[PDB]
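Student: Please find run.cif (mmCIF, C-alpha atoms and all ligand atoms) on the next line:
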data_target
loop_
_atom_site.group_PDB
_atom_site.id
_atom_site.type_symbol
_atom_site.label_atom_id
_atom_site.label_comp_id
_atom_site.auth_asym_id
_atom_site.auth_seq_id
_atom_site.Cartn_x
_atom_site.Cartn_y
_atom_site.Cartn_z
ATOM 1 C CA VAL A 1 -0.596 26.317 68.798
ATOM 2 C CA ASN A 2 0.394 29.688 67.283
ATOM 3 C CA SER A 3 3.272 31.051 65.164
ATOM 4 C CA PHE A 4 5.026 33.210 67.782
ATOM 5 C CA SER A 5 8.649 32.016 68.093
ATOM 6 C CA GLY A 6 11.525 32.543 70.546
ATOM 7 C CA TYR A 7 9.450 33.940 73.437
ATOM 8 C CA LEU A 8 10.206 33.323 77.093
ATOM 9 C CA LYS A 9 7.092 32.230 79.010
ATOM 10 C CA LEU A 10 6.496 34.425 82.091
ATOM 11 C CA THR A 11 3.082 33.093 83.160
ATOM 12 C CA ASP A 12 0.220 30.932 81.928
ATOM 13 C CA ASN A 13 -0.731 33.656 79.426
ATOM 14 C CA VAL A 14 2.138 36.195 79.122
ATOM 15 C CA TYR A 15 5.198 35.730 76.901
ATOM 16 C CA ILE A 16 8.123 38.108 76.235
ATOM 17 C CA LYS A 17 10.843 38.535 73.589
ATOM 18 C CA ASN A 18 13.609 41.029 72.717
ATOM 19 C CA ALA A 19 12.290 42.106 69.334
ATOM 20 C CA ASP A 20 11.315 45.034 67.150
ATOM 21 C CA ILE A 21 7.496 44.926 67.173
ATOM 22 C CA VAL A 22 7.477 46.141 63.539
ATOM 23 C CA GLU A 23 9.642 43.223 62.395
ATOM 24 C CA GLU A 24 7.715 40.815 64.569
ATOM 25 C CA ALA A 25 4.365 41.976 63.140
ATOM 26 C CA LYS A 26 5.681 41.734 59.567
ATOM 27 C CA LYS A 27 6.746 38.145 60.163
ATOM 28 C CA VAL A 28 3.789 36.755 62.198
ATOM 29 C CA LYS A 29 0.958 38.866 60.724
ATOM 30 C CA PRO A 30 -0.934 38.485 64.025
ATOM 31 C CA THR A 31 -4.678 38.960 64.287
ATOM 32 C CA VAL A 32 -4.011 41.928 66.610
ATOM 33 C CA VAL A 33 -0.991 44.209 67.007
ATOM 34 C CA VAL A 34 -1.229 46.766 69.820
ATOM 35 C CA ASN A 35 -0.129 50.343 69.206
ATOM 36 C CA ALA A 36 1.129 52.605 72.000
ATOM 37 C CA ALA A 37 -1.276 55.349 70.961
ATOM 38 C CA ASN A 38 -2.134 58.794 72.264
ATOM 39 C CA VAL A 39 -5.671 60.198 72.468
ATOM 40 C CA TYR A 40 -5.288 62.064 69.156
ATOM 41 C CA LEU A 41 -3.884 59.023 67.314
ATOM 42 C CA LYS A 42 -0.931 61.203 66.272
ATOM 43 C CA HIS A 43 1.662 58.534 65.547
ATOM 44 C CA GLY A 44 4.787 60.669 65.729
ATOM 45 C CA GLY A 45 7.373 58.650 67.613
ATOM 46 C CA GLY A 46 8.066 55.685 69.802
ATOM 47 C CA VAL A 47 6.224 52.497 68.909
ATOM 48 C CA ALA A 48 3.438 54.455 67.192
ATOM 49 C CA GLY A 49 5.807 56.362 64.930
ATOM 50 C CA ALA A 50 7.555 53.122 63.987
ATOM 51 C CA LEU A 51 4.339 51.191 63.279
ATOM 52 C CA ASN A 52 2.937 54.072 61.248
ATOM 53 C CA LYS A 53 6.166 54.448 59.232
ATOM 54 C CA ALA A 54 6.010 50.731 58.410
ATOM 55 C CA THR A 55 2.493 51.295 56.943
ATOM 56 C CA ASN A 56 3.807 54.108 54.694
ATOM 57 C CA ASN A 57 1.603 56.551 56.703
ATOM 58 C CA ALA A 58 -1.620 54.639 55.908
ATOM 59 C CA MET A 59 -2.173 54.143 59.650
ATOM 60 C CA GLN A 60 -2.052 57.935 60.159
ATOM 61 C CA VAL A 61 -4.461 58.598 57.264
ATOM 62 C CA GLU A 62 -6.962 56.097 58.683
ATOM 63 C CA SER A 63 -6.475 57.501 62.186
ATOM 64 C CA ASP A 64 -7.117 61.092 61.104
ATOM 65 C CA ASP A 65 -10.449 60.042 59.594
ATOM 66 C CA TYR A 66 -11.298 58.152 62.818
ATOM 67 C CA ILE A 67 -10.622 61.231 64.970
ATOM 68 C CA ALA A 68 -12.504 63.555 62.620
ATOM 69 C CA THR A 69 -15.573 61.327 63.029
ATOM 70 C CA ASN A 70 -15.316 60.248 66.677
ATOM 71 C CA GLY A 71 -13.099 62.733 68.517
ATOM 72 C CA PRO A 72 -10.206 61.775 70.786
ATOM 73 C CA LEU A 73 -9.878 58.590 72.762
ATOM 74 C CA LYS A 74 -9.796 58.522 76.566
ATOM 75 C CA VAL A 75 -6.567 57.905 78.450
ATOM 76 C CA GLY A 76 -6.957 54.223 79.334
ATOM 77 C CA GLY A 77 -9.153 53.639 76.276
ATOM 78 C CA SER A 78 -8.715 52.056 72.875
ATOM 79 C CA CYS A 79 -10.081 51.621 69.395
ATOM 80 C CA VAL A 80 -9.760 48.863 66.794
ATOM 81 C CA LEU A 81 -8.579 49.962 63.352
ATOM 82 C CA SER A 82 -6.915 48.228 60.427
ATOM 83 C CA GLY A 83 -3.598 46.464 60.883
ATOM 84 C CA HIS A 84 -2.628 47.438 57.323
ATOM 85 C CA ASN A 85 0.397 45.389 56.182
ATOM 86 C CA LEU A 86 1.331 44.461 59.770
ATOM 87 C CA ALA A 87 -1.654 42.539 61.207
ATOM 88 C CA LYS A 88 -5.348 41.972 60.602
ATOM 89 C CA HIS A 89 -6.231 44.633 63.190
ATOM 90 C CA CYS A 90 -4.429 47.282 65.201
ATOM 91 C CA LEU A 91 -5.679 47.849 68.737
ATOM 92 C CA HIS A 92 -4.700 51.449 69.499
ATOM 93 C CA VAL A 93 -4.404 51.618 73.307
ATOM 94 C CA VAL A 94 -3.730 54.833 75.242
ATOM 95 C CA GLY A 95 -1.623 54.284 78.328
ATOM 96 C CA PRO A 96 -1.008 57.262 80.612
ATOM 97 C CA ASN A 97 1.938 59.446 79.569
ATOM 98 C CA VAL A 98 3.948 60.343 82.686
ATOM 99 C CA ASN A 99 5.611 63.152 80.772
ATOM 100 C CA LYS A 100 2.160 64.748 80.460
ATOM 101 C CA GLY A 101 1.320 64.128 84.173
ATOM 102 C CA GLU A 102 -1.372 61.429 83.636
ATOM 103 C CA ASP A 103 -2.404 59.123 86.496
ATOM 104 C CA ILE A 104 -0.445 55.854 86.391
ATOM 105 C CA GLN A 105 -3.476 54.048 87.923
ATOM 106 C CA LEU A 106 -4.923 54.393 84.419
ATOM 107 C CA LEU A 107 -2.360 51.836 83.267
ATOM 108 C CA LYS A 108 -4.544 48.987 84.560
ATOM 109 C CA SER A 109 -7.556 50.332 82.634
ATOM 110 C CA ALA A 110 -5.380 50.525 79.505
ATOM 111 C CA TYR A 111 -4.327 46.871 79.809
ATOM 112 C CA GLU A 112 -7.958 45.785 80.361
ATOM 113 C CA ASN A 113 -8.546 46.529 76.662
ATOM 114 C CA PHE A 114 -6.323 43.548 75.825
ATOM 115 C CA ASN A 115 -8.900 41.182 77.406
ATOM 116 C CA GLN A 116 -11.266 41.786 74.470
ATOM 117 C CA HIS A 117 -8.826 39.886 72.192
ATOM 118 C CA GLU A 118 -7.840 36.243 72.546
ATOM 119 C CA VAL A 119 -4.247 36.717 71.287
ATOM 120 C CA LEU A 120 -2.189 39.916 70.843
ATOM 121 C CA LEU A 121 1.287 41.112 69.924
ATOM 122 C CA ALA A 122 1.993 44.155 72.091
ATOM 123 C CA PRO A 123 4.545 46.553 73.561
ATOM 124 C CA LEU A 124 4.688 47.402 77.246
ATOM 125 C CA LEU A 125 2.121 50.154 77.735
ATOM 126 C CA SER A 126 3.335 53.521 79.011
ATOM 127 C CA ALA A 127 6.994 52.466 78.581
ATOM 128 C CA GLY A 128 9.557 54.210 76.394
ATOM 129 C CA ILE A 129 8.690 57.840 75.655
ATOM 130 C CA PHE A 130 5.502 57.573 77.749
ATOM 131 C CA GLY A 131 7.764 57.758 80.799
ATOM 132 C CA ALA A 132 6.548 54.947 83.075
ATOM 133 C CA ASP A 133 8.749 52.315 84.710
ATOM 134 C CA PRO A 134 8.689 49.291 82.351
ATOM 135 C CA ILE A 135 9.095 46.892 85.299
ATOM 136 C CA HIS A 136 5.856 48.287 86.706
ATOM 137 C CA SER A 137 4.169 48.079 83.310
ATOM 138 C CA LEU A 138 5.066 44.390 83.036
ATOM 139 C CA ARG A 139 3.684 43.731 86.524
ATOM 140 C CA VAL A 140 0.378 45.447 85.674
ATOM 141 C CA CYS A 141 0.228 43.514 82.397
ATOM 142 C CA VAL A 142 0.663 40.157 84.132
ATOM 143 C CA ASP A 143 -1.856 41.054 86.850
ATOM 144 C CA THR A 144 -4.488 42.445 84.427
ATOM 145 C CA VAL A 145 -4.365 40.664 81.068
ATOM 146 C CA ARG A 146 -5.963 37.215 81.043
ATOM 147 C CA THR A 147 -5.797 36.632 77.281
ATOM 148 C CA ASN A 148 -2.636 35.484 75.521
ATOM 149 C CA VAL A 149 -0.179 38.351 75.112
ATOM 150 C CA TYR A 150 3.177 38.270 73.313
ATOM 151 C CA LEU A 151 5.260 41.239 74.466
ATOM 152 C CA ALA A 152 7.984 42.674 72.232
ATOM 153 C CA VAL A 153 10.707 44.670 73.986
ATOM 154 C CA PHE A 154 12.930 46.629 71.570
ATOM 155 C CA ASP A 155 15.849 47.293 73.930
ATOM 156 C CA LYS A 156 18.012 44.235 74.720
ATOM 157 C CA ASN A 157 19.334 45.778 77.911
ATOM 158 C CA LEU A 158 15.792 46.444 79.150
ATOM 159 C CA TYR A 159 14.584 42.985 78.098
ATOM 160 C CA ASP A 160 17.269 41.339 80.243
ATOM 161 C CA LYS A 161 16.401 43.575 83.202
ATOM 162 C CA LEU A 162 12.682 42.754 82.846
ATOM 163 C CA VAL A 163 13.337 38.996 82.806
ATOM 164 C CA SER A 164 15.917 39.018 85.594
ATOM 165 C CA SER A 165 13.692 41.092 87.921
ATOM 166 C CA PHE A 166 10.418 39.287 87.158
ATOM 167 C CA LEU A 167 8.699 37.825 90.198
HETATM 168 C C1 LIG B 201 -6.599 32.239 67.822
HETATM 169 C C2 LIG B 201 -5.121 32.408 67.495
HETATM 170 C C3 LIG B 201 -4.633 33.573 66.925
HETATM 171 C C4 LIG B 201 -3.280 33.663 66.670
HETATM 172 S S1 LIG B 201 -2.575 35.143 65.917
HETATM 173 O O1 LIG B 201 -3.350 36.348 66.216
HETATM 174 O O2 LIG B 201 -1.254 35.464 66.460
HETATM 175 N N1 LIG B 201 -2.524 34.787 64.263
HETATM 176 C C5 LIG B 201 -3.842 34.511 63.520
HETATM 177 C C6 LIG B 201 -3.665 34.487 61.998
HETATM 178 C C7 LIG B 201 -2.629 33.553 61.604
HETATM 179 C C8 LIG B 201 -1.356 33.848 62.259
HETATM 180 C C9 LIG B 201 -0.226 32.827 61.878
HETATM 181 N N2 LIG B 201 1.035 33.339 61.389
HETATM 182 O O3 LIG B 201 -0.391 31.663 62.016
HETATM 183 C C10 LIG B 201 -1.499 33.776 63.783
HETATM 184 C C11 LIG B 201 -2.469 32.593 66.951
HETATM 185 N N3 LIG B 201 -2.966 31.499 67.489
HETATM 186 C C12 LIG B 201 -4.242 31.382 67.767
HETATM 187 N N4 LIG B 201 -4.728 30.157 68.365
#
Have the structure of the file written as structure tokens, please.
Tutor:
Amino acid sequence: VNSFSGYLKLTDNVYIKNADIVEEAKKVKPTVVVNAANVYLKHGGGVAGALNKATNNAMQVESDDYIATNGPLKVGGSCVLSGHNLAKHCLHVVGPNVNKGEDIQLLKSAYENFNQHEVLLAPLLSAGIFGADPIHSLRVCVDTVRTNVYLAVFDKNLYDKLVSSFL
């Protein structure tokens, strides 16, 4: 049993809710919240900008030190950093950004990072300002992630479309 509430069950291991991931993280304090990161961990907008703002920029400060030491992530890759006031840990995962021309096949590799964590609160990778089709992202999630994932979808209209079109 876990503390996630109000989710619709899509499969054995994937759950979905219309929710603001920031507000959901603040309330559950999950072991892992996933950030929709870029390779530079520049948390300017989208989910990343919102998560970072909720940490009062502490996520960005930590991230800048990480990059100065380690260099950029790979598209499809990830790193574990602090969850600050939102979660124990933040898994920063880089999905391909269609608006930069990155290969959507890398979306499966991005979701594979979730399998290193037993339970996660997450957004749909490569959705929103990353330009991919969220219906496709949900399909890849379901077909790739085997651990227990609680997906937060900000937009109510999109949430309803994702549920109603789910096979
Ligand atoms: C292994 C496991 C993790 C989680 S959790 O990452 O979401 N988190 C962990 C910390 C306490 C949180 C809570 N508010 O109880 C729930 C939930 N259930 C589980 N069986």
Student: Taking the file above as input, evaluate the PyMOL selection byres (((chain A and resi 82) around 10) and not hetatm) and report the hits as a JSON list (two decimals) with C-alpha atoms, in the coordinates of the input.
Tutor:
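Saved file out-v8.json follows:
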[["chain", "number", "residue", "atom", "x", "y", "z"],
["A", 32, "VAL", "CA", -4.01, 41.93, 66.61],
["A", 33, "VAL", "CA", -0.99, 44.21, 67.01],
["A", 58, "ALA", "CA", -1.62, 54.64, 55.91],
["A", 59, "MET", "CA", -2.17, 54.14, 59.65],
["A", 62, "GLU", "CA", -6.96, 56.10, 58.68],
["A", 63, "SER", "CA", -6.48, 57.50, 62.19],
["A", 80, "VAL", "CA", -9.76, 48.86, 66.79],
["A", 81, "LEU", "CA", -8.58, 49.96, 63.35],
["A", 83, "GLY", "CA", -3.60, 46.46, 60.88],
["A", 84, "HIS", "CA", -2.63, 47.44, 57.32],
["A", 85, "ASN", "CA", 0.40, 45.39, 56.18],
["A", 86, "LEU", "CA", 1.33, 44.46, 59.77],
["A", 87, "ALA", "CA", -1.65, 42.54, 61.21],
["A", 88, "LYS", "CA", -5.35, 41.97, 60.60],
["A", 89, "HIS", "CA", -6.23, 44.63, 63.19],
["A", 90, "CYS", "CA", -4.43, 47.28, 65.20],
["A", 91, "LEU", "CA", -5.68, 47.85, 68.74],
["A", 92, "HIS", "CA", -4.70, 51.45, 69.50]]
Student: Selection in question (the file shown): the PyMOL selection byres (((chain A and resi 42-52) around 12) and not hetatm). Which residues does it include, as a VMD selection string?
Tutor: chain A and resid 20 to 26 33 to 41 53 to 67 72 to 73 82 to 87 90 to 94 122 to 131 152 to 154
Student: Around ligand LIG 201 (chain B), out to 9 Å and counting only C-alpha atoms and all ligand atoms, which residues are there? I want them as an MDAnalysis selection string.
Tutor: chainID A and resid 1:4 27:33 87:88 117:121 148 150
Student: Using the chain letters and numbers from this file, what does the PyMOL selection byres (((chain A and resi 14-17) around 6) and not hetatm) select? Give the answer as a ChimeraX atom specification.
Tutor: /A:7-11,13,18-19,149-152
Student: What does the distance between CA of residue 167 in chain A and CA of residue 139 in chain A come to in Å, to one decimal place?
Tutor: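 Computing it gives 8.6 Å between the two atoms.
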Student: Restricting the calculation to only C-alpha atoms, which member of A:136, A:146, A:161, A:156 is positioned closest to residue 12 in chain A?
Tutor: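 Using only C-alpha atoms, the shortest distance to residue 12 in chain A belongs to A:146.
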Student: Interatomic distance between CA of residue 71 in chain A and CA of residue 95 in chain A?
Tutor: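 About the pair CA of residue 71 in chain A and CA of residue 95 in chain A: they are 17.3 Å apart.
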Student: State, in Å with one decimal place, the distance from CA of residue 144 in chain A to CA of residue 164 in chain A.
Tutor: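 Spanning CA of residue 144 in chain A to CA of residue 164 in chain A is a straight-line distance of 20.7 Å.
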